[PDB]
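Visitor: Following this message is one structure expressed as structure tokens.
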Amino acid sequence: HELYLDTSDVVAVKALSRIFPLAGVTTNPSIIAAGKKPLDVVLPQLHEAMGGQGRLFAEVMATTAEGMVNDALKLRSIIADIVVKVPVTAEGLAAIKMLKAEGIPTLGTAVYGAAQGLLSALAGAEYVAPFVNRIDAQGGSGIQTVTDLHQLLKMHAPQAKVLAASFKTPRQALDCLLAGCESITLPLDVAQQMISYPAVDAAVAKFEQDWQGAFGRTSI
Amino acid sequence: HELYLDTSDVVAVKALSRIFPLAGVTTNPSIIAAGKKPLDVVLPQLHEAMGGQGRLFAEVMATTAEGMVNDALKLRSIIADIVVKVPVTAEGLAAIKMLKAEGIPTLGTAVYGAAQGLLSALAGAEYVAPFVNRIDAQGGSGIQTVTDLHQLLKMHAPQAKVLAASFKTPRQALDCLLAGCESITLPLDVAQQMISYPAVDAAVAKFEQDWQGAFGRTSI
Amino acid sequence: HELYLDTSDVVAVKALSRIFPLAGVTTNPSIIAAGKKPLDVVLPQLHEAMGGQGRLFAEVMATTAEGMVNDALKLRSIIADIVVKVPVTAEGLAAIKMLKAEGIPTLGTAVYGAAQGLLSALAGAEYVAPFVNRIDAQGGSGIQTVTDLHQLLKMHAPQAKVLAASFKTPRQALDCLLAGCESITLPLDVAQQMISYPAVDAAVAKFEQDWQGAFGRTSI
Amino acid sequence: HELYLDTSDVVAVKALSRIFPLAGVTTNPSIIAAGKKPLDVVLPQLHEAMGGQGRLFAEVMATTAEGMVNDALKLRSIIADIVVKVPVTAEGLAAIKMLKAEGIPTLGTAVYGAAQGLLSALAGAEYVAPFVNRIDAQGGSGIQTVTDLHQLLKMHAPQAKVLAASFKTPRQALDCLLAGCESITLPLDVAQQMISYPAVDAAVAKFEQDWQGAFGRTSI
Amino acid sequence: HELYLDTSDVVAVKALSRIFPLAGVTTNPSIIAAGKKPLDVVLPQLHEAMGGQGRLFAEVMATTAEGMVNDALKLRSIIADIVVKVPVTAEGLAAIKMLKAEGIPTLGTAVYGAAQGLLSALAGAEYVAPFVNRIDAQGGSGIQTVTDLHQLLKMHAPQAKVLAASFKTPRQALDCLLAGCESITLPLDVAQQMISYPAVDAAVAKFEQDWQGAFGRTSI
Amino acid sequence: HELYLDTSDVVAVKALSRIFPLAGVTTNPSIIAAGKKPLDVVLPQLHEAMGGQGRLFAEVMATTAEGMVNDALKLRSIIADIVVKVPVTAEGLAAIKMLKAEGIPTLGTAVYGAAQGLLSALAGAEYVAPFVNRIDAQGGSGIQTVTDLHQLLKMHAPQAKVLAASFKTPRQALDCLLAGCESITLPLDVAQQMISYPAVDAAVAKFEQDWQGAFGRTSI
Amino acid sequence: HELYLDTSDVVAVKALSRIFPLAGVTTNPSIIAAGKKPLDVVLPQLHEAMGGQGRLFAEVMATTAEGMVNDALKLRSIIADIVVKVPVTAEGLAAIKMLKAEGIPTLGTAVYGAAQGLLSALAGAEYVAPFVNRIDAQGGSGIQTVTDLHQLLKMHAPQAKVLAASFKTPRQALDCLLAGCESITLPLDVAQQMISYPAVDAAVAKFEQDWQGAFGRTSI
Amino acid sequence: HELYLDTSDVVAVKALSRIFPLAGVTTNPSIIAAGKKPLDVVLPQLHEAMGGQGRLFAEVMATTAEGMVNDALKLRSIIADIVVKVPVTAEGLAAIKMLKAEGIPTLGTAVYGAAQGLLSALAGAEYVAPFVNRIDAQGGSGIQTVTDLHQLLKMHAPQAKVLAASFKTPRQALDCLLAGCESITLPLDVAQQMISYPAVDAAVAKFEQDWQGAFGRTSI
Amino acid sequence: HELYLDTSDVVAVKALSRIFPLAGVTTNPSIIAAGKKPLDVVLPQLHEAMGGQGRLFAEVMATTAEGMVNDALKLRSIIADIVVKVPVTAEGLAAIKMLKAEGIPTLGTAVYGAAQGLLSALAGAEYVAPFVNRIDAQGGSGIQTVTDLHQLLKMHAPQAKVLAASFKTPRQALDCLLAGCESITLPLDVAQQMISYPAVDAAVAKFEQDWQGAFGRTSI
Ligand SMILES: [Cl-]
Ligand SMILES: [Cl-]
Ligand SMILES: [Cl-]
Ligand SMILES: [Cl-]
Ligand SMILES: [Cl-]
Ligand SMILES: [Cl-]
Ligand SMILES: [Cl-]
Ligand SMILES: [Cl-]
Ligand SMILES: [Cl-]
């Protein structure tokens, strides 16, 4: 399983890479815009913040397939092994086919439906990113979409993986993991919630208090 | 998975072959009739419109097994590697057996029931095409028929594949894919719906607006 | 159960009112636009085409709540007992509340989610119209949305009914009916498919042939 | 069904009361603290922002049952018919029993488990508020807890209602509604998401474009 | 729903009756033996510890039906309205029939199977007490037994109620409540766990901290 | 619920009538034959052994409807209010109709299928007796047959009851009770197993030992 | 999968062997009796009617194991590779074991229960034939029996196959195929129904009418 | 699958070994006691009655682990390759471990719970024998216990097999087989029921009558 | 499957290692504190009590990752091959990553949620220990958490095993085993309950009584 953070916050990535078993960092245009640093600045900084080991993802902006390929080349000049995110639209699918022919790995993003996601994998995408919370917020079922998508990839495009994205609560992430998703990307707030629990803190405090009671200290 | 378009519209096939990851094009007598061009004109055009890479399918018209075999030979003289569609009737099954003996690949079409479909595969058909929407429109369950048929082929005639056909909505196609169908053929309207979504367009617009807000342009 | 036709085709309404047990006719802005006749011409014609017995529905066009209320008054001046369709948007909900206070019956339309639909009923709508095929075509589950919506109304706003709408195949309509929808509106092609079956025609022909064989005629 | 907003934002309540069919407003200590206005200021402002029709809820702060009863009296002196929220702790349960004897309506809050919630209803609470997202975020299932709690109330304390609370996504609210909850309280962001959908906006725009095409305007 | 404590600890009952919404107290021979006080001392103390409002249950010791009836009379001379617990054995069933004829309310106890429990209700018992944890500890399913028993009573002896007993964890009690049991009796440790949660304490502390931050105190 | 014993053992009936809440005794030709006493001897003895209050059932032996009616009269001359068991065969159904016209209550016996059983109830039988273990032993599912039969009676012949019969293990009886059967008849061995359990005996012994430990006696 | 016809109608077999993909023909004593030709006449005629390529099955008549073995030798002298059908009775099982030792392939027939069928496979039968319709007609579930039998063979005697038999409707055959049966034998009427459908004929007629409309003929 | 008879009846074993495909014979202390012959007489007779090919099982009587090991050695001196049955108690588990170290194969018997059974396999037992009917008779579910036990062995101790035992009806044996049990032992009455069916006899009789009708005899 | 005891009771471990098939012993800070012996005394004693064959586990006490690594080194200096338990907190995850790099095997403990548990396995833990009863006691579902966690490990971190812990009743342990947990640790009371059953003792007593009846002794 590959676990990513969905962020352009370099300081946070450096701090959290020590804690989480990260495969890398994913970005998108809104995340990059929120951080205010251009791609040629922030991508290398994110790469460094993971000690040069993590995989990076970043998204094209052009609206024609040819423009998207040119964007991909720009991204790859910044980070040689970056995975290029392409929105799964008509022109995006055309771009994914072209990038497959060029040997540049892609992720099919802005996926709101399972068939849409599958098309991107059939076209060559290595990863497919459904926007779980967007589907949930807009009256659908993000989890059903993810469940369906994973099944479709495993039956029909088995080289491709779901990279589940767009989360407001740990439960959504848990449900994607239970559906079999082979990768996931978490925003910082959800990631931090997933490792901090009042019940866990209470269990550890009880261990400390019992140890103190018997041995007069809380250290080993 | 093999994805086909169900059409005789040469201009559309050329345009869509750039977008979709197509395995080829399927035709039937109504589709050919609607396009108004004879088989010896349209089939070579369709073959060219896919850059010579796609598989083609076309259907016999005769009502006796012997006549269907003669139709198959005519079709194969137009396109050497064409897959011949035979309606799964008593004479059709007899024809499928004869074509198997001749080494000509066949598809069993006009399938309205799972056992009917299985018989065509046991007789030698490489593909079996249930008419999903026809079953749905006539008070049955196209999806249950497809689900059943796919299970029957995988248990009892595992060399054969379901090629699901006859669709009025993307949901029918999705449900066939979730049932495991190893091939599918889409009419142009359903195919175009499967890659165009208001929610996806809105996600892409939001990315563009956020990028504009931060960087003063919408390009990378 | 209330069965409606979703059309502005006066000739077809006449012909089908004799066959179907219709409660009335629903229109929307696309349906009215397609027919090319203004509301003050077509609505009285549709009312006549059902022999003055059917209920009519038509939709507001304004984008502010106050404008929608004014549109409702215009519609009611054309057909005194017409049910006014209001899209379930923020201003639409505000309009539904105002129309409830005025005693004008409403339908909440353009429903793509169950919670959205429920809000329109809580605001006062007597009917809620999910767009089943639109949800299906855009990667969701129209049938799950209808199932959920009907359950929500029956638990939380039991005076309101689902009026299921937007269909490409009889199976969608059947599934809405099996989910419990107390009303439905069919486009003409789907309505005609629901009463014409090759197997039924074959059963009737067999009855006629057997009768002929025994009695020398096909009449009673 | 009773629909509440979970907020102390008086301007927003006034604006949203025109759109949503609100039963009232719920507050808690964090919400009140975030708004920075004391109870004796903000509660009367909220009451007015709903035109004097909505029900209000506010929470005690004391940690002994006797202190909580005194807090309840203070709250009722600000808003005569306010429902008093009491955290479901040992002293909270004792307070709920005392308030039942005094005839002051209560809500059992900070519910993280179904049995805990049931105990508050058996003690006399009219409403029980599970913290759905808190349970979800801390590795449980908020929806299973709500489902279980509602069943427990309907079997064992049928005068009491679930008032589902603590939401980060509309899907959580939908699932609570489907589980049968007779009341719910939404934060502003989730409430606004529940009434704004790209697919709905696109449907309305298509209606406008079709109308414009036929009639040369977008008004009725 | 009737909630009981399964104890002979008078001091604890007095303390917990202020917190829990108790219907009364159940005792059995082991519970009485553990407390070391005879029945004619402890039963009146328990009755007072609940302020004279709670129902009491206590168990016969004799092994013949006639002896059990005599024990019932002794118990009723200590507490006039006490419910008499009879083990569901052959002689116990005979005793339950006799006590029904005498108008003395009974509970069928030491139930390890659903049919056994039903027989006690058919014989006249008002309550039937499966030993949930005993069934669980001995390789069965206490919850399945309770689920089955409650269904049997509601179908076949609807005047009788399950009084679920014998618990080591709150989850067992929750599952009995979800199965529909109309009464339950909790040992003190499980009852205390059901009202004390680290996550709830943390929620209350966060409320206090937020209030402090804004207003400079933790009181209302 | 009506509980019967399936026996001709008069001594056992008398002993068990004190323990079980019996509605009566059922006999059949094999049971009567096994006991070796003629009907005119054993039926009165069984009636007395229940203190003149139990319902009795006995079976006809004739193979024609007319003969079965005559047998019914012979049975009624021995026990005036006896319920007459008739095997559900073609002649048996004819007899059941005749007996309905005469006002003599009947039970449809030797039922091996649900539809067969339903026919007997539609003909007038007050009770229908599937042979559960016979169906089980002969490769069917006695429990499915009972489940189906009970549903059929409640939907289609609601005045009739299932009287489940033919048991080798308590589990079969439990499963019939859980399926909703309103009456049941148990052979003596199964009945005795249903009230004697090693685990229950161990619970009672533990209560006695704990009481002895604390109070120096095992009596109350 | 192996598909058989269940018939002694030599003319029909010859005609149908051209249409169906047949593995052979099964006979039984009633089928042979109905055809009125002795085994030494009809078996060679059936073998010829399939062009010498189909497998044959025929049934022993003796009631002792030794007699059944002698019958098997007689059958094998008529058709050297015939599969010998043995009814699964006590003596039949003994015969199956003896025939296994002799290397003569057997089928266990007249199977009305799954355990009975499994015993025949454990004894050495290569095929097991449940009588589906007989089980259905006699108040059981033929499909459950087949489903269970197939599972038992695949777990416990995996060299053996279910040869499902005894059908009145195509739906029974479909359900056996869906249960996984690796062979089936169809009576002629059911086989003919499985390849003849009014809806399929209507689809083919529509293709012809559309082709005629466009090209002025119905031939290719 | 290994099929055993649960008996000490030497004459019956000889007769049935010709009919059933037996793997051997199991005995227990009650079975041996019922036959009245000592182990050193009956075990060699049973071994002979199966022609020297069947596996035998017999049970230790000692209550300490050391005594059980001595009993195992005595049993193995009578039948060199006998499988030794050890009750799964604390001392039994200790004995199973010792016998594993000595290389003497064991069966863990008197299993009334799945975890208990699993422990015996983890300790070294090759077979684990749940007492299905005992669990059923005592208010549990023998089939759930067997289902659970088989799952536990296959996951956690895959070298061990369930040997299901203790049966009063063929249905119990069928359900154990459907649960996957790799071995089973049947008492003689259940075994005989499993091969004798009135419906099967009637099928064979009909075949005979039809053959007679056509050919004037009932032989081949 | 690996079975552990959760204890620091050296005498009990020695006694139980003769009965149970133990893989080793787990300790935690409360267990060690309860035993009152320091780690450098008790761990070698536990190791000896299992004859030097069992695996041991013990827990770090430090709150920073660097401190936890130092604690791990101290533990490994006491017992060279000990598995080091680390609480799954932010610093614990950081420690698990460091220990993975150092090649020191770890267990992720104090797990109250499935995602939390998975993170510890992704970070390098060989075992993950959910606190089953703690989750149950605090209003969750310990069994659902274990079920989910095991599925997550098998899909996403297949080198890791669930070591289920924290039990009050054998049923909890059974349900963990049925969920697939590859290891488990039992407190002494639960372990002892799992091998002691009144029904089993009664079965063994019946065997002894039958043997006595036939042979005049209870020994072999
Ligand atoms: Cl994936
Ligand atoms: Cl397929
Ligand atoms: Cl409705
Ligand atoms: Cl509620
Ligand atoms: Cl109850
Ligand atoms: Cl009934
Ligand atoms: Cl098979
Ligand atoms: Cl097994
Ligand atoms: Cl595991």
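As shown in the structure tokens, the chain order sets the letters A, B, ...; within each chain, residues go from 1, and ligands are also counted from 1 in the order they appear.
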Check every residue of chain C for an atom within 12 Å of chain B, counting only C-alpha atoms, and provide those that qualify as a VMD selection string.

Guide: chain C and resid 112 132 to 144 166 to 175 189 to 201

Visitor: With only C-alpha atoms and all ligand atoms counted, collect every polymer residue having an atom within 6 Å of ligand 4; state the result as an NGL selection string.

Guide: :D and (150 or 161-162 or 180-182)

Visitor: Taking only C-alpha atoms and all ligand atoms and a cut-off of 12 Å, can you tell me which residues surround ligand 5, written as a compact mmCIF listing (two decimals) with C-alpha atoms, in the first residue's frame?

Guide:
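New file selection17.txt:
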```txt
# COMPACT_ATOMS: atom_id res chain seq x y z
CA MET D 155 -37.74 0.26 21.31
CA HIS D 156 -36.87 1.36 24.85
CA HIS E 1 -37.42 -0.60 29.30
CA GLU E 2 -36.61 -1.69 32.88
CA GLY E 117 -36.67 -19.95 28.46
CA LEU E 118 -39.86 -20.05 26.44
CA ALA E 121 -42.91 -18.09 30.09
CA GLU E 126 -43.36 -12.74 33.72
CA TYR E 127 -39.59 -12.51 33.12
CA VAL E 128 -37.04 -14.90 31.67
CA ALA E 129 -33.31 -14.44 32.50
CA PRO E 130 -30.78 -15.99 30.10
CA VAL E 146 -31.10 -13.82 23.73
CA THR E 147 -32.12 -12.85 20.17
CA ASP E 148 -33.95 -16.16 19.70
CA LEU E 149 -35.55 -16.00 23.17
CA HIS E 150 -36.93 -12.50 22.70
CA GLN E 151 -38.43 -13.53 19.34
CA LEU E 152 -39.96 -16.61 20.92
CA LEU E 153 -41.57 -14.61 23.74
CA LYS E 154 -42.97 -11.96 21.40
CA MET E 155 -44.51 -14.64 19.15
CA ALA E 157 -45.80 -15.78 25.16
CA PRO E 158 -46.16 -12.06 24.64
CA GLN E 159 -46.94 -11.21 28.30
CA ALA E 160 -43.37 -12.26 29.19
CA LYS E 161 -40.18 -10.20 28.96
CA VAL E 162 -36.53 -11.11 28.64
CA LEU E 163 -34.48 -9.88 31.61
CA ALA E 164 -31.00 -10.31 30.21
CA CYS E 176 -29.05 -7.61 24.26
CA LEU E 177 -30.68 -4.18 24.12
CA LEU E 178 -30.39 -4.16 20.30
CA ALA E 179 -32.04 -7.61 20.23
CA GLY E 180 -35.10 -6.00 21.88
CA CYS E 181 -34.83 -7.16 25.52
CA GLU E 182 -37.39 -5.29 27.55
CA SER E 183 -35.35 -5.51 30.72
CA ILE E 184 -31.75 -6.03 31.75
```

Visitor: What parts of range 11-169 of chain G does DSSP call helix (DSSP H, G or I)? I'd like the answer as number ranges by chain.

Guide: G: 11-17, 29-35, 39-49, 65-78, 90-102, 114-123, 132-137, 142-156

Visitor: If you count only C-alpha atoms, which residues fall within 7 Å of range 54-61 of chain C, apart from same-chain ones fewer than 5 positions away, as a CSV table (one decimal) with N, CA and C atoms, in the first residue's frame?

Guide:
```csv
chain,number,residue,atom,x,y,z
C,23,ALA,N,-53.0,10.4,-14.7
C,23,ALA,CA,-53.3,11.4,-13.8
C,23,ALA,C,-53.1,12.8,-14.3
C,24,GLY,N,-52.3,12.9,-15.4
C,24,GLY,CA,-52.0,14.2,-16.0
C,24,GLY,C,-50.8,14.2,-16.9
C,25,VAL,N,-50.2,15.4,-17.0
C,25,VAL,CA,-49.1,15.7,-17.9
C,25,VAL,C,-48.1,16.6,-17.1
C,26,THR,N,-46.8,16.3,-17.2
C,26,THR,CA,-45.8,17.2,-16.7
C,26,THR,C,-45.1,17.8,-17.8
C,27,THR,N,-44.7,19.1,-17.7
C,27,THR,CA,-43.8,19.8,-18.6
C,27,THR,C,-42.6,20.3,-17.9
C,28,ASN,N,-41.6,20.6,-18.6
C,28,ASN,CA,-40.4,21.4,-18.1
C,28,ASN,C,-40.0,22.4,-19.2
C,29,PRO,N,-39.0,23.2,-18.9
C,29,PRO,CA,-38.6,24.2,-19.9
C,29,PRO,C,-38.1,23.7,-21.2
C,47,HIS,N,-54.4,20.5,-21.4
C,47,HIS,CA,-55.5,20.3,-20.5
C,47,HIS,C,-56.8,19.7,-21.3
C,68,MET,N,-39.6,33.9,-8.9
C,68,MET,CA,-40.3,32.6,-9.0
C,68,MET,C,-41.7,32.6,-8.5
C,71,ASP,N,-43.6,34.2,-11.3
C,71,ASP,CA,-43.8,33.1,-12.3
C,71,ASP,C,-44.9,32.2,-12.0
C,72,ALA,N,-45.0,31.8,-10.7
C,72,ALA,CA,-46.0,30.9,-10.2
C,72,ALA,C,-47.4,31.5,-10.4
C,82,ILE,N,-52.9,24.4,-11.6
C,82,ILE,CA,-51.6,23.9,-12.0
C,82,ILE,C,-50.7,23.7,-10.8
C,83,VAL,N,-49.9,22.7,-10.8
C,83,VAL,CA,-48.8,22.5,-9.8
C,83,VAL,C,-47.6,23.1,-10.4
C,84,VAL,N,-46.9,24.0,-9.6
C,84,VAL,CA,-45.8,24.8,-10.0
C,84,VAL,C,-44.5,24.1,-9.6
C,85,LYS,N,-43.7,23.8,-10.6
C,85,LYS,CA,-42.4,23.2,-10.4
C,85,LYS,C,-41.3,24.2,-10.2
C,86,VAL,N,-40.6,24.0,-9.1
C,86,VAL,CA,-39.5,25.0,-8.7
C,86,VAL,C,-38.2,24.2,-8.6
D,218,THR,N,-34.8,34.4,-21.3
D,218,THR,CA,-34.7,33.3,-20.3
D,218,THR,C,-35.8,33.4,-19.2
D,219,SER,N,-36.7,34.4,-19.4
D,219,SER,CA,-37.8,34.6,-18.4
D,219,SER,C,-39.1,34.1,-19.0
D,220,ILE,N,-40.0,33.9,-18.1
D,220,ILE,CA,-41.2,33.1,-18.5
D,220,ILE,C,-42.1,33.8,-19.5
```

Visitor: At what distance in Å, to one decimal, does CA of residue 212 in chain I lie from CA of residue 64 in chain H?

Guide: 18.0 Å

Visitor: Any idea what's packed within 10 Å of residue 78 in chain E, counting only C-alpha atoms, ignoring anything in its chain fewer than 6 positions away? Could you give it as a PyMOL selection string?

Guide: chain E and resi 39-44

Visitor: To test your reading of the structure, identify every residue in range 56-127 of chain E that backbone DSSP assigns to strand (DSSP E), and report it as a ChimeraX atom specification.

Guide: /E:56-59,83-87,106-111,127

Visitor: If you keep N, CA, C and O atoms, can you produce a file of those selected residues as a tab-separated table (two decimals), in the first residue's frame?

Guide:
```
chain	number	residue	atom	x	y	z
E	56	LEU	N	-37.78	-5.48	43.50
E	56	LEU	CA	-36.75	-6.43	43.91
E	56	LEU	C	-37.04	-7.84	43.37
E	56	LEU	O	-38.20	-8.19	43.16
E	57	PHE	N	-35.98	-8.59	43.13
E	57	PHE	CA	-36.02	-10.00	42.69
E	57	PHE	C	-35.10	-10.82	43.58
E	57	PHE	O	-33.97	-10.40	43.90
E	58	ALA	N	-35.56	-12.00	43.99
E	58	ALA	CA	-34.71	-12.92	44.74
E	58	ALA	C	-35.12	-14.35	44.45
E	58	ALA	O	-36.26	-14.61	44.04
E	59	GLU	N	-34.18	-15.26	44.68
E	59	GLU	CA	-34.25	-16.63	44.17
E	59	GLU	C	-34.54	-17.68	45.23
E	59	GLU	O	-33.97	-17.64	46.33
E	83	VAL	N	-40.48	-10.13	43.21
E	83	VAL	CA	-40.60	-11.11	42.14
E	83	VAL	C	-39.69	-12.29	42.47
E	83	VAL	O	-38.51	-12.11	42.79
E	84	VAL	N	-40.25	-13.49	42.39
E	84	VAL	CA	-39.56	-14.71	42.82
E	84	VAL	C	-38.88	-15.39	41.63
E	84	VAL	O	-39.54	-15.74	40.66
E	85	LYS	N	-37.57	-15.53	41.71
E	85	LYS	CA	-36.78	-16.17	40.68
E	85	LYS	C	-36.75	-17.69	40.94
E	85	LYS	O	-36.44	-18.13	42.05
E	86	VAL	N	-37.07	-18.45	39.90
E	86	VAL	CA	-37.11	-19.89	39.97
E	86	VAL	C	-36.21	-20.44	38.84
E	86	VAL	O	-36.39	-20.06	37.69
E	87	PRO	N	-35.27	-21.33	39.17
E	87	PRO	CA	-34.43	-21.89	38.09
E	87	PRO	C	-35.28	-22.73	37.16
E	87	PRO	O	-36.18	-23.46	37.63
E	106	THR	N	-43.30	-14.42	38.90
E	106	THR	CA	-42.05	-15.18	38.85
E	106	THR	C	-41.16	-14.77	37.70
E	106	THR	O	-41.60	-14.18	36.70
E	107	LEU	N	-39.90	-15.07	37.87
E	107	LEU	CA	-38.89	-14.97	36.82
E	107	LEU	C	-38.25	-16.34	36.66
E	107	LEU	O	-37.89	-16.98	37.65
E	108	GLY	N	-38.11	-16.80	35.42
E	108	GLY	CA	-37.47	-18.06	35.13
E	108	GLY	C	-35.98	-17.80	34.91
E	108	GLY	O	-35.61	-17.10	33.97
E	109	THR	N	-35.14	-18.32	35.80
E	109	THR	CA	-33.71	-18.00	35.76
E	109	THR	C	-32.86	-19.20	35.38
E	109	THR	O	-33.36	-20.31	35.16
E	110	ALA	N	-31.54	-18.98	35.32
E	110	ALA	CA	-30.56	-20.00	34.91
E	110	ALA	C	-30.93	-20.56	33.54
E	110	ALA	O	-30.87	-21.77	33.31
E	111	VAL	N	-31.32	-19.67	32.65
E	111	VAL	CA	-31.67	-20.04	31.29
E	111	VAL	C	-30.41	-20.02	30.40
E	111	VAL	O	-29.73	-19.01	30.28
E	127	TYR	N	-40.93	-12.83	33.59
E	127	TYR	CA	-39.59	-12.51	33.12
E	127	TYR	C	-38.83	-13.80	32.90
E	127	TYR	O	-39.05	-14.79	33.62
```

Visitor: Would you mind reading off the distance between CA of residue 67 in chain I and CA of residue 5 in chain I, one decimal, in Å?

Guide: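 Separating CA of residue 67 in chain I from CA of residue 5 in chain I is a distance of 27.4 Å.
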